[PDB]
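Data file: protein-v4.pdb. Format and content: PDB, C-alpha atoms (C1' of nucleotides).
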ATOM      1  CA  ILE G   1     -19.749  52.080 -30.329  1.00  0.00           C
ATOM      2  CA  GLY G   2     -16.052  51.832 -31.146  1.00  0.00           C
ATOM      3  CA  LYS G   3     -14.486  50.734 -34.417  1.00  0.00           C
ATOM      4  CA  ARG G   4     -11.592  48.267 -34.194  1.00  0.00           C
ATOM      5  CA  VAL G   5     -10.395  45.787 -36.794  1.00  0.00           C
ATOM      6  CA  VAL G   6      -9.896  42.036 -36.394  1.00  0.00           C
ATOM      7  CA  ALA G   7      -6.632  40.682 -37.777  1.00  0.00           C
ATOM      8  CA  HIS G   8      -5.915  37.394 -39.562  1.00  0.00           C
ATOM      9  CA  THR G   9      -4.223  34.625 -37.582  1.00  0.00           C
ATOM     10  CA  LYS G  10      -1.716  41.396 -33.822  1.00  0.00           C
ATOM     11  CA  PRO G  11      -2.321  41.924 -30.094  1.00  0.00           C
ATOM     12  CA  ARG G  12      -4.989  40.481 -27.827  1.00  0.00           C
ATOM     13  CA  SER G  13      -6.999  43.687 -28.269  1.00  0.00           C
ATOM     14  CA  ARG G  14      -7.331  42.810 -31.978  1.00  0.00           C
ATOM     15  CA  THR G  15      -8.797  39.329 -31.455  1.00  0.00           C
ATOM     16  CA  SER G  16     -12.340  38.172 -32.117  1.00  0.00           C
ATOM     17  CA  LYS G  17     -13.030  37.385 -28.455  1.00  0.00           C
ATOM     18  CA  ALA G  18     -11.969  40.842 -27.268  1.00  0.00           C
ATOM     19  CA  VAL G  19     -13.778  42.724 -30.044  1.00  0.00           C
ATOM     20  CA  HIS G  20     -17.065  40.936 -29.389  1.00  0.00           C
ATOM     21  CA  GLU G  21     -16.614  41.398 -25.641  1.00  0.00           C
ATOM     22  CA  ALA G  22     -15.945  45.106 -26.180  1.00  0.00           C
ATOM     23  CA  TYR G  23     -18.842  45.492 -28.621  1.00  0.00           C
ATOM     24  CA  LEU G  24     -21.192  43.677 -26.243  1.00  0.00           C
ATOM     25  CA  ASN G  25     -20.269  45.958 -23.346  1.00  0.00           C
ATOM     26  CA  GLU G  26     -20.133  49.185 -25.362  1.00  0.00           C
ATOM     27  CA  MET G  27     -23.441  48.550 -27.140  1.00  0.00           C
ATOM     28  CA  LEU G  28     -25.117  47.666 -23.822  1.00  0.00           C
ATOM     29  CA  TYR G  29     -24.152  50.737 -21.811  1.00  0.00           C
ATOM     30  CA  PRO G  30     -25.263  51.291 -19.111  1.00  0.00           C
ATOM     31  CA  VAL G  31     -27.079  47.969 -18.535  1.00  0.00           C
ATOM     32  CA  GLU G  32     -24.684  45.285 -17.328  1.00  0.00           C
ATOM     33  CA  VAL G  33     -24.130  41.735 -18.526  1.00  0.00           C
ATOM     34  CA  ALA G  34     -23.790  39.316 -15.624  1.00  0.00           C
ATOM     35  CA  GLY G  35     -24.033  35.898 -17.247  1.00  0.00           C
ATOM     36  CA  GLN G  36     -23.419  34.002 -20.484  1.00  0.00           C
ATOM     37  CA  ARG G  37     -24.562  30.477 -21.325  1.00  0.00           C
ATOM     38  CA  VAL G  38     -24.260  28.507 -24.563  1.00  0.00           C
ATOM     39  CA  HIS G  39     -26.742  25.672 -25.108  1.00  0.00           C
ATOM     40  CA  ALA G  40     -25.367  23.266 -27.701  1.00  0.00           C
ATOM     41  CA  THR G  41     -27.955  20.954 -29.239  1.00  0.00           C
ATOM     42  CA  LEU G  42     -28.037  18.492 -32.133  1.00  0.00           C
ATOM     43  CA  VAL G  43     -30.242  19.514 -35.070  1.00  0.00           C
ATOM     44  CA  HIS G  44     -30.367  17.646 -38.404  1.00  0.00           C
ATOM     45  CA  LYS G  45     -27.116  15.773 -37.721  1.00  0.00           C
ATOM     46  CA  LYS G  46     -25.471  19.121 -36.904  1.00  0.00           C
ATOM     47  CA  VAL G  47     -24.484  20.943 -33.724  1.00  0.00           C
ATOM     48  CA  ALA G  48     -26.125  24.343 -33.211  1.00  0.00           C
ATOM     49  CA  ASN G  49     -24.596  26.535 -30.523  1.00  0.00           C
ATOM     50  CA  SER G  50     -27.096  29.027 -29.094  1.00  0.00           C
ATOM     51  CA  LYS G  51     -25.222  31.692 -27.156  1.00  0.00           C
ATOM     52  CA  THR G  52     -27.374  33.461 -24.567  1.00  0.00           C
ATOM     53  CA  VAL G  53     -26.256  36.650 -22.837  1.00  0.00           C
ATOM     54  CA  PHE G  54     -27.894  36.177 -19.450  1.00  0.00           C
ATOM     55  CA  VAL G  55     -28.525  38.528 -16.531  1.00  0.00           C
ATOM     56  CA  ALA G  56     -28.792  41.651 -18.664  1.00  0.00           C
ATOM     57  CA  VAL G  57     -28.814  43.804 -15.530  1.00  0.00           C
ATOM     58  CA  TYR G  58     -25.268  42.957 -32.236  1.00  0.00           C
ATOM     59  CA  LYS G  59     -25.678  40.525 -35.118  1.00  0.00           C
ATOM     60  CA  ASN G  60     -24.828  43.240 -37.649  1.00  0.00           C
ATOM     61  CA  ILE G  61     -21.641  44.486 -35.977  1.00  0.00           C
ATOM     62  CA  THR G  62     -20.345  41.115 -34.748  1.00  0.00           C
ATOM     63  CA  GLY G  63     -22.297  38.230 -36.280  1.00  0.00           C
ATOM     64  CA  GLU G  64     -23.229  36.247 -33.148  1.00  0.00           C
ATOM     65  CA  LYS G  65     -26.877  35.201 -32.996  1.00  0.00           C
ATOM     66  CA  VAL G  66     -27.165  35.839 -29.249  1.00  0.00           C
ATOM     67  CA  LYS G  67     -30.418  35.878 -27.302  1.00  0.00           C
ATOM     68  CA  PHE G  68     -30.679  38.385 -24.453  1.00  0.00           C
ATOM     69  CA  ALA G  69     -32.801  37.675 -21.390  1.00  0.00           C
ATOM     70  CA  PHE G  70     -33.088  38.058 -17.612  1.00  0.00           C
ATOM     71  CA  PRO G  71     -32.313  35.642 -14.759  1.00  0.00           C
ATOM     72  CA  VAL G  72     -35.040  33.295 -13.589  1.00  0.00           C
TER      73      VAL G  72
ATOM     74  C1'   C H   1       3.843 -48.038  -8.473  1.00  0.00           C
ATOM     75  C1'   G H   2       6.534 -52.123  -5.761  1.00  0.00           C
ATOM     76  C1'   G H   3       7.097 -55.011   2.150  1.00  0.00           C
ATOM     77  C1'   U H   4       4.230 -61.656  -1.071  1.00  0.00           C
ATOM     78  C1'   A H   5      -3.320 -61.293  -4.635  1.00  0.00           C
ATOM     79  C1'   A H   6       1.717 -55.114  -8.495  1.00  0.00           C
ATOM     80  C1'   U H   7      -3.917 -52.363 -13.789  1.00  0.00           C
ATOM     81  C1'   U H   8       2.782 -49.005 -13.901  1.00  0.00           C
ATOM     82  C1'   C H   9       8.544 -53.791 -12.391  1.00  0.00           C
ATOM     83  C1'   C H  10      10.673 -58.189 -15.800  1.00  0.00           C
ATOM     84  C1'   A H  11       7.648 -61.080 -19.264  1.00  0.00           C
ATOM     85  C1'   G H  12       3.474 -63.672 -22.777  1.00  0.00           C
ATOM     86  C1'   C H  13      -1.288 -62.477 -25.605  1.00  0.00           C
ATOM     87  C1'   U H  14      -4.537 -58.513 -26.716  1.00  0.00           C
ATOM     88  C1'   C H  15      -4.988 -52.853 -28.863  1.00  0.00           C
ATOM     89  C1'   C H  16      -3.697 -47.417 -28.891  1.00  0.00           C
ATOM     90  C1'   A H  17      -1.057 -43.436 -31.727  1.00  0.00           C
ATOM     91  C1'   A H  18       2.108 -42.212 -35.862  1.00  0.00           C
ATOM     92  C1'   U H  19       3.978 -44.204 -40.082  1.00  0.00           C
ATOM     93  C1'   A H  20       8.777 -44.929 -43.738  1.00  0.00           C
ATOM     94  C1'   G H  21       8.974 -42.907 -39.977  1.00  0.00           C
ATOM     95  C1'   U H  22       9.253 -43.000 -34.836  1.00  0.00           C
ATOM     96  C1'   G H  23      11.714 -41.839 -29.314  1.00  0.00           C
ATOM     97  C1'   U H  24      15.658 -39.650 -26.611  1.00  0.00           C
ATOM     98  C1'   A H  25      19.244 -35.356 -24.960  1.00  0.00           C
ATOM     99  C1'   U H  26      20.302 -30.021 -25.566  1.00  0.00           C
ATOM    100  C1'   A H  27      18.900 -25.227 -27.260  1.00  0.00           C
ATOM    101  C1'   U H  28      15.210 -21.121 -29.829  1.00  0.00           C
ATOM    102  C1'   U H  29       9.661 -19.632 -30.145  1.00  0.00           C
ATOM    103  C1'   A H  30       4.501 -20.233 -28.434  1.00  0.00           C
ATOM    104  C1'   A H  31       2.289 -21.757 -23.922  1.00  0.00           C
ATOM    105  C1'   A H  32       4.232 -16.973 -20.478  1.00  0.00           C
ATOM    106  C1'   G H  33      -1.161 -11.631 -18.798  1.00  0.00           C
ATOM    107  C1'   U H  34       5.392 -16.677 -15.051  1.00  0.00           C
ATOM    108  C1'   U H  35       9.183  -9.775 -17.891  1.00  0.00           C
ATOM    109  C1'   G H  36       3.816  -6.560 -18.255  1.00  0.00           C
ATOM    110  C1'   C H  37       4.021  -0.716 -24.698  1.00  0.00           C
ATOM    111  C1'   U H  38      -0.759  -3.579 -25.871  1.00  0.00           C
ATOM    112  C1'   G H  39      -0.067  -6.306 -20.208  1.00  0.00           C
ATOM    113  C1'   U H  40       1.371  -8.049 -14.390  1.00  0.00           C
ATOM    114  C1'   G H  41       1.911  -7.647  -8.831  1.00  0.00           C
ATOM    115  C1'   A H  42       3.310  -4.617  -4.112  1.00  0.00           C
ATOM    116  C1'   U H  43      -2.413  -4.716   3.603  1.00  0.00           C
ATOM    117  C1'   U H  44      -2.029 -10.215   4.626  1.00  0.00           C
ATOM    118  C1'   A H  45       1.178 -14.827  -0.783  1.00  0.00           C
ATOM    119  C1'   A H  46       7.561 -12.262  -3.208  1.00  0.00           C
ATOM    120  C1'   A H  47       7.342  -6.975  -3.238  1.00  0.00           C
ATOM    121  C1'   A H  48       6.050   1.182  -1.049  1.00  0.00           C
ATOM    122  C1'   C H  49      12.634   3.795   0.511  1.00  0.00           C
ATOM    123  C1'   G H  50      11.988   5.700   8.207  1.00  0.00           C
ATOM    124  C1'   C H  51      10.608  10.690   6.604  1.00  0.00           C
ATOM    125  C1'   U H  52      11.273  15.384   4.361  1.00  0.00           C
ATOM    126  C1'   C H  53      14.223  18.820   0.692  1.00  0.00           C
ATOM    127  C1'   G H  54      16.205  18.176  -4.280  1.00  0.00           C
ATOM    128  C1'   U H  55      19.281  18.498  -9.755  1.00  0.00           C
ATOM    129  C1'   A H  56      19.017  15.741 -14.366  1.00  0.00           C
ATOM    130  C1'   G H  57      14.530  12.922 -16.457  1.00  0.00           C
ATOM    131  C1'   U H  58       9.184  12.443 -17.122  1.00  0.00           C
ATOM    132  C1'   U H  59       4.540  15.258 -16.790  1.00  0.00           C
ATOM    133  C1'   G H  60       2.219  20.106 -16.821  1.00  0.00           C
ATOM    134  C1'   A H  61      -5.063  24.711 -16.255  1.00  0.00           C
ATOM    135  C1'   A H  62      -8.407  27.816 -19.530  1.00  0.00           C
ATOM    136  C1'   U H  63      -7.564  31.341 -23.727  1.00  0.00           C
ATOM    137  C1'   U H  64      -5.990  34.046 -29.838  1.00  0.00           C
ATOM    138  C1'   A H  65     -12.053  33.406 -36.231  1.00  0.00           C
TER     139        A H  65
END
Here is the file; what I need is its structure written in the form of structure tokens.
Amino acid sequence: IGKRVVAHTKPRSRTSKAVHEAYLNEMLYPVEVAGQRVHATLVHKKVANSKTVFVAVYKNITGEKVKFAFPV
RNA sequence: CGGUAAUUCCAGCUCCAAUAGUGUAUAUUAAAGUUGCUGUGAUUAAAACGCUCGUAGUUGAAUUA
């Protein structure tokens, strides 16, 4: 995996979205991501996003609690 | 309302409202969602330019941990 920094809001390559997108693709070589869905739901008067990397055909490096699965 | 049987005219009695106040005339505001920001209407009641291009004006997709 690569090692790039995330600035404080530097170019679009140094943004959180690009870093996580790059980390997701570089950590998943050669299997391909072909779908992402986020299922927001209310829990204890709070909103809990649950990102799901779908169609797989990370927490330590990035911090996103993302579940990986396969298409139905 | 009154053209011959007037609940409205000119009168008489009766009683209604307000009251040391009570009508008139003009004008401002509300009524008036009959000037619309909140808030109007435009087939037929008033009201979409004959149609297209177009500068000023107004309005402009998602995205940056």
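By all atoms listed in the file, and with residues fewer than 3 positions from range 54-56 of chain G along its chain excluded, the set lying at most 7 Å from it is residues 31, 32, 33, 34, 35, 36, 37, 68, 69, 70 and 71 of chain G.
Each of G:2, G:58, G:53, G:63 was compared to chain H using all atoms listed in the file, and G:63 turns out to be the nearest.
The chain H residues that come within 10 Å of chain G are residues 63, 64 and 65 of chain H, with all atoms listed in the file taken into account.
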Exercise. Selected by the PyMOL selection byres ((chain G and resi 27) around 12) in the shown coordinates: which residues, as JSON, numbers by chain?
Worked result: {"G": [1, 2, 3, 19, 20, 21, 22, 23, 24, 25, 26, 28, 29, 30, 31, 32, 33, 58, 59, 60, 61, 62]}
Please define a box with edges along x, y and z of the file around all atoms of range 40-57 of chain H given in the file, extend it by 5 Å on each side, and return its centre and edge lengths in Å to one decimal, as JSON.
{"center_x": 8.4, "center_y": 2.0, "center_z": -4.1, "size_x": 31.7, "size_y": 43.6, "size_z": 34.7}
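Put simply, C1' of residue 36 in chain H is 19.8 Å away from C1' of residue 58 in chain H.
The two atoms in question, CA of residue 65 in chain G and CA of residue 50 in chain G, are spaced 7.3 Å apart.
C1' of residue 62 in chain H is found 16.6 Å from CA of residue 38 in chain G.
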